[PDB]
């Protein structure tokens, strides 16, 4: 039942709306990634809200959790698309925004792109299952909270704990075995922790970009600028931190 829902609520394809006839320029490429961010967020909000047990969380916590976790959530799914599609050779941000080494450079994001490409690579190196992925992605929504807890921190802990048990559940079967089960869970929880440093590098990047957006001609859509100037700082100043397994 858990998996039927995750499989059922999983978002479809989201295009960034990039003009691929115009030259790659920092401004263009980043305005596109931002718009894509605005579009994908609309879908993350719907998905999250349709997550089993999600409604147990307090209304403000529901929103807060989405607002702190979107970067890692989008980065993780983006790595999956790059994987199932381009076998991790390039970053499949959208069907109309697939970065090559040249785009990775002309974006002043080469490094972060290397790390995300590296993540996508892990889905391969580890042979991640579509279902392990659905579960791992679900748990990333419950992977970053304020240091002083949320309004109803007891519902989040319940919720989060349950998602950890489903992850172990979907490996403890044919998706693990012999001496795998223990090793399999150590590597998946290790792969999950890996998305966090990558998310933080992008948080600082996007934040700096937003402060000087008017000068590099890159513009951030409504929700992006608001969430980047209201929520992301709380993360960057240490008020909200990721939950690490290791």
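Positions refer to the first chain, counted from 1.
The PDB entry records a higher mean C-alpha B factor for 23-31 than for its counterpart among 23-31 and 201-209. Per-stretch averaging of Cα B factors for 72-80 and 162-170 places 162-170 on top.
Among 36, 181, 44, 50, the highest C-alpha B-factor in the deposited entry belongs to 181. Of the candidates 177, 196, 40, 67, the deposited coordinates give 177 the top C-alpha B factor. Among all modelled residues in its chain, residue 142 ranks in the lowest third by Cα B-factor. In this PDB entry, residue 136 carries a Cα temperature factor that places it within the lowest third of its chain's modelled residues.
In the deposited entry, the Cα temperature factor of residue 94 sits in the bottom third of values across the chain's modelled residues.
Sorting the modelled residues of the chain by their CA temperature factor places residue 155 in the middle third.
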